[PDB]
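# Coordinate inspection notes
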Amino acid sequence: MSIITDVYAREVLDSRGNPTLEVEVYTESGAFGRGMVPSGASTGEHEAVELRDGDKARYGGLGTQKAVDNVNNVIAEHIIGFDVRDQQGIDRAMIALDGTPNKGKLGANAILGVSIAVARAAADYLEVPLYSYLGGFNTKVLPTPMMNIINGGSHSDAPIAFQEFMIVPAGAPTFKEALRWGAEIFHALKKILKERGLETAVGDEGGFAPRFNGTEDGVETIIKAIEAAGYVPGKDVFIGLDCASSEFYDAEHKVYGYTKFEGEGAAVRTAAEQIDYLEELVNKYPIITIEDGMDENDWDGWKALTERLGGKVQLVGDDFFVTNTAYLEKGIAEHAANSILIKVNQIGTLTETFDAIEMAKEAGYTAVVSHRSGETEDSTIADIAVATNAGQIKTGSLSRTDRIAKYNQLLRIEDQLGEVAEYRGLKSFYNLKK
Amino acid sequence: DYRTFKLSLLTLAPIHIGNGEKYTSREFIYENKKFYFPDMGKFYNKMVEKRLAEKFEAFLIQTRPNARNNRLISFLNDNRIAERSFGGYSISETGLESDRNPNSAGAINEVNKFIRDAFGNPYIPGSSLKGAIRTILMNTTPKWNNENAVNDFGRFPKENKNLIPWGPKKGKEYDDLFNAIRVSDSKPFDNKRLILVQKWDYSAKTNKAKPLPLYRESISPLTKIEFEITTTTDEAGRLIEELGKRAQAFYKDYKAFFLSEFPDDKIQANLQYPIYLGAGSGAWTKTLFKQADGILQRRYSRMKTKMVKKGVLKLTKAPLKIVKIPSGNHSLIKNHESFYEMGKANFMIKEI
Amino acid sequence: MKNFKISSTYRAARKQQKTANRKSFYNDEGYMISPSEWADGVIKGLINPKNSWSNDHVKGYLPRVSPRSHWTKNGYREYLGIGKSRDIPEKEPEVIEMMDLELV
Ligand SMILES: [Mg+2]
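- Structure determination for this entry, per the PDB record, employed cryo-EM and reached 2.67 Å resolution.

This is the structure:
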């Protein structure tokens, strides 16, 4: 009755208009699960690699027919007959079938799709919610959202070097109130930008990319929107950054060149100067989290930044760790960063995603379940965030259903939990002192 | 000048080398736990002194016997004959010779004959062993088992018969490797070492043995036969002296390619250098399976008996035998359902 | 086949993998033919409609078959392939042969 009976992949589109795949799993009793894969990267030294056709005549070389054929002709013949509740066994069998560390043979997208579909079909068979199946009975914590509001760098033509700016409504009593606060701040900022004559068209995360004067101008506009909505910055709503300094880091010269985005009037900083600039920004503004404050290979600079600022500000490693257990363990050993960004398709399975989350939790780090630039109507990452009780999520802005679907699923989870649901906010930053 | 090798063959499983002929149901009687195969000439001679030629003619001319007029024992019992000694030979009843029962309607309507010389005794022809040796040598040599062994210059792929040079070539020294390997045939090894095994097919996708109506006369397990391999050139001498350690490599490739997918309790174990002789052993044992994969499957893609994946395993049924080797007691098979790998044998090659 | 039955898991797999909707048809010699010529041959009697088609293939190495059950005289359930059977096995055929040079 719980025996997996049919596995079938098909090619669909993601939120950017690019192909991806979805996998449907049917068990003998009729339980059904559908897993939709976010769009990832086909390159990377130590990250899972998705499979793309490479045919330029079809979708500009971004077709996923090869991974669909891998699911339908290779993975399905191996998974059919398994128990749908044997998620760890299925994931191990798929990993062994791939035979490569980066899952480049079958494709990480195929493996993740089958993983999510099997987990959802098992939850359907057990008639339990997905978060209850994934994390057990003690799933109660609604994650604190880091809602993207203003973005720059490679996502904008403004002279801002940091990739992303987020609002963290950690002072809210419940997740529902936190979502309302973020939507109201989003609309207040939209009104402010319309008044100022800037562009209000959203990007891929739902956030505006207007022509500010600099990073400081963006942060003051963010605080102005927070106060216009009627919330106290630094008590109700905090500010987070995604510098993505791996993009404007001169690897040869070992300098963080802000001139790549902030014009010729910008300053060229060293590692110590970059730490000084980040500390000055933290002292000026209510910044609680900084993501990718150093290059993905600047290990000593990451260390020094963690020693200088890691007691009061969460430091997230996105390109630093790329959801890799080896890199995360090395960072734990070297006291580099105090947080990790968990992207499920960067690793390929739910088993290793939960392994990375558990290791980060055991090290005192915080796990931030994250979206991708190309998302879907699937909202499994919300169930992952609730299931692990991670207490932090990053699923974009308040503007597109590739983003709003996860917030709606978190609203549904909070409603289903009822009086047991807990929204911790500042208490979910357990990596910080007090 | 010439290097002469002795190849001692020990069959670990039934081996059938047919000649195209078949005993029909009106040529053998199943009785007293034995299969008697009377000579029809002596049968007719002693039923013309007993005046039953005409009803024998009506029994054999008859085109559509329904269920029981197809069996010779029915004719013998209907006309009250009890004089069963007309030449021929008897095969002891295995037990496992056929599904259903050897009595009743279906039973054994055809028995494939073993190859026999002009005196009626069985023997293994030297060309069968030479074909097996040629498959072993071609499948364990990177200059012969490569992409050049197929002939795509045509309608369908076929073997490149000129990959190994042969024949006389104008204005060129003789370059025939396999004229040097002169494999002789056996001696008549008597009719007491034959059985009536039946073909079974074991599918990895289904995981159960399916019997087929294809009954054969095969040499019993643990049969010692001797061949002489005379070699004339140094190249073929080196090849034949390496026939052991090439048979092991061929079997290792075969096990890692085909036999690994099936349960280890059906696949037999080796005491000496492995070899596959006769019919029913499988297509991969008779092909360069590294190249033939994909083509041989496509040959059967539009037929009813479709070849699915790499095919089924051929597992006949013959009585379990244990050898008192000087290491312990080695049972021939690892299963209790009496499943031999049809067409298997072992050999040891010396330089007498 | 009376000792066994078609398993429920294989039947479900065949059901919603929809293998019955992709039948292949064959003539009397077992060569694949279109449904139109299969119908033509069956109508003219040159094809046996029973043994002349296949239900595609079920993916996933599932067991096709489960044991079939029956009732004993006690009113209990029992597998059809187990029971008194018979009693004739001997011991073995020890063939000595303590001279074969067994390769390592
Ligand atoms: Mg990032």
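### A closer look at the interface of chain C and chain B
- Across the boundary between the two partners, chain C contributes 24 residues, which contact 25 residues of chain B.
- Its residues assigned to classes, the side of chain C that touches chain B shows 14 nonpolar, four polar and six charged.

### Observations concerning the layout of surface pockets
All names here are of chain A.
- The volume enclosed by the second largest pocket comes to roughly 1100 Å³.
- Around the second largest pocket, the lining comprises 44 residues; the ones closest to its centre are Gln163, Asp319, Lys343, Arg372 and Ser373.
- Taken together, the residues that form the lining of the second largest pocket break down as seven nonpolar, 18 polar and 19 charged.

### Here's the deal with the coordination of the magnesium ion
Residue and element names in this part refer to chain A.
- The protein atoms that coordinate the magnesium ion are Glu291 (OE) and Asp318 (OD), at distances spanning 2.3 to 2.6 Å. Remark: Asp318 occurs in the loop between β13 (314-317) and α10 (325-334) and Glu291 occurs in strand β12 (residues 287-291); sequence separation between them is 27 residues. Residue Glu291 shares its accessibility class with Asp318, and that shared class is buried.

### Looking at helix α12 (residues 380-388) of chain A
Residue and element names in this part refer to chain A.
- Here α12 lies mainly inside the structure; nine of its nine residues are buried.
- Residues of α12 that are buried: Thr380, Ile381, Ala382, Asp383, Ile384, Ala385, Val386, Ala387 and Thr388.
- Among the residues trailing α12, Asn389 stands out with phi positive, at a value near 55 degrees.

### Details of the UniProt feature "binding site: (2R)-2-phosphoglycerate" in chain A
Residue and element names in this part refer to chain A.
- The UniProt entry lists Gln163, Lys343, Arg372, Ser373 and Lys394 under the feature "binding site: (2R)-2-phosphoglycerate", expressed in the numbering used here. Lining the second largest cavity, from the residues named above, are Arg372.
- Take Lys343: its relative accessible area is 12%, and that puts it in the buried class.
- Look past the residues within four positions of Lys343 in its chain and what remains in contact with it is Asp318, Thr323, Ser370, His371 and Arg372.
- The residue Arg372 is located in the loop between β15 (366-370) and α12 in this model.
- Here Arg372 falls in the buried class, since its relative accessible area comes to 12%.
- Among residues more than four places away in sequence, those in contact with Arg372 are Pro38, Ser39, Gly40, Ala41, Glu205, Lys343, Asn345, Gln346 and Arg403.

### Some remarks on the interface of chain A and chain C
- Between chain A and chain C, the residue contacts involve 11 residues of the former and 10 residues of the latter.
- For the chain A and chain C pair, buried surface summed over both sides reaches about 880 Å², with 51% attributable to carbon and sulfur atoms.
- Applying the counting criterion to the chain A and chain C interface returns zero salt bridges.
- At the junction of chain A and chain C, the tally comes to four residue pairs in polar contact.

### Some remarks on the UniProt feature "active site" in chain A
Residues and elements named next belong to chain A.
- Feature annotation in UniProt places "active site" on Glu205 and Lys343, given in this structure's numbering. As for the second largest pocket, its lining draws on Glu205 and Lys343 from among the annotated residues.
- With respect to the helices and strands, the residue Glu205 is situated in the loop between α5 (175-196) and α6 (215-229).
- Under the relative-accessibility criterion, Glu205 is labelled buried at 11%.
- Excluding residues that lie within four positions of it along the chain, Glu205 makes contacts with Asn148, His371, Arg372, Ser373, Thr395, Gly396, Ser397, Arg400 and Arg403.
- Mapped onto the elements of the fold, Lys343 is located in the loop between β14 (339-342) and α11 (350-362).
- A distance of 3.1 Å separates a polar atom in the side chain of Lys343 from a polar atom in the side chain of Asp318.

### Quick word on the sheet that holds strand β6 (residues 147-151) of chain A
Residue and element names in this part refer to chain A.
- Taken in spatial order, the nine strands make up an open sheet running β5-β16-β15-β14-β13-β12-β8-β7-β6, and their pairing is mixed. The open sheet has two edge strands, β5 (144-145) and β6, and neither has a second partner.
- Pairing of β12 with β13 involves three bridges; the strand directions are parallel. Counterpart to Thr289 in the pairing with β13 is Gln314.

### As for the sheet that holds strand β3 (residues 29-31) of chain B
All names here are of chain B.
- The three strands are arranged β3-β4-β5 in an open sheet whose pairing can be described as antiparallel. On the outer flanks of this sheet lie β3 and β5 (89-92), each paired with one strand and no other. Strand-to-strand, the axes of this sheet are offset by a mean angle of 25 degrees, without reference to chain direction.
- Relative to strand β4 (residues 34-37), β3 runs antiparallel, the two sharing three bridges. When the bridges of β4 are listed, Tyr30 appears paired with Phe35.

### Brief notes about the packing of aromatic side chains
- Under the definition given, this model contains 39 aromatic pairs over all chains.
- Judged by centre distance (6.4 Å) and plane angle (85 degrees), the ring pair of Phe248(A) and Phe261(A) falls under edge-to-face. You can see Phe248(A) sitting in the loop between β8 (238-242) and β9 (249-250) and its partner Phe261(A) sitting in helix α7 (residues 259-262), a full 13 residues away along the chain.
- Look at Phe248(A) and you get buried, because its relative accessible area is 3%.
- Assessed through its relative accessible area of 18%, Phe261(A) is described here as buried.
- Judged by centre distance (5.4 Å) and plane angle (90 degrees), the rings of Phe257(B) and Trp284(B) are edge-to-face.

### A word on the pattern of salt bridges
- Applying the stated criterion to the full structure yields 43 salt bridges over all chains.
- Of the charged contacts, one joins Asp83(A) and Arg85(A) as a salt bridge, the two residues approaching to 3.1 Å between their closest N and O atoms.
- Between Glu110(B) and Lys22(B) there is a salt bridge, and its shortest N-O distance comes to 3.0 Å. Here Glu110(B), found in strand β6 (residues 110-114), pairs with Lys22(B), found in strand β2 (residues 18-24); they are 88 residues apart in sequence, far enough to count as distant.

### Structural notes on helix α5 (residues 234-241) of chain B
Residues and elements named next belong to chain B.
- Every buried residue belonging to α5 is among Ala236, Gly237, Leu239 and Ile240, and all of these are buried. On an axial view of α5, the arc spanned by its buried residues comes to 160 degrees, and they lie on one face.
- Structurally, α5 contributes buried residues whose contacts are with β1 (3-10), α4 (126-138), β12 (224-231) and β18 (344-350).

The rules we used
Residues numbered from 1 in each chain as written, not as in the entry; some residues may be left out. Chains lettered and ligands numbered in written order. Part of a larger assembly, values for the part shown. Heavy atoms only, no water. Residues with missing side-chain atoms left out of burial classes, pairs and counts. Contact = heavy atoms within 4.5 Å. Nonpolar A, V, L, I, M, F, W, Y, C, P; charged D, E, K, R; others polar. 1 Å grid on protein atoms, 1.4 Å probe; cavity = no way out; pocket = protein on both sides within 12 Å on 5 of 7 lines; lining within 4 Å. Points joined across faces, edges and corners; volume = space filled by probe spheres on them. Donors = N, O, S within 2.8 Å, 3.2 Å for Na, K, Ca; no water. Helix = DSSP H or I, 4+ residues; strand = E, 2+ residues; numbered from the N terminus. Buried < 20%, exposed > 50% of the residue type's maximum accessible area, 1.4 Å probe, protein only. UniProt positions renumbered as here; feature names shortened; annotations may be inferred. Buried area = accessible area lost by both parts, 1.4 Å probe. Salt bridge = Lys/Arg side-chain N within 4 Å of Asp/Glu carboxyl O. Polar contact = N/O pair within 3.5 Å; in protein donor to acceptor, adjacent residues only side chain to side chain. Pairing = 2+ DSSP bridges. Axes fitted to C-alpha atoms, helices over the stretch in contact; angles between N-to-C directions. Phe/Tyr/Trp six-rings, centres within 6.5 Å; stacked < 30°, edge-to-face > 60°. Arc of directions from axis to C-beta.

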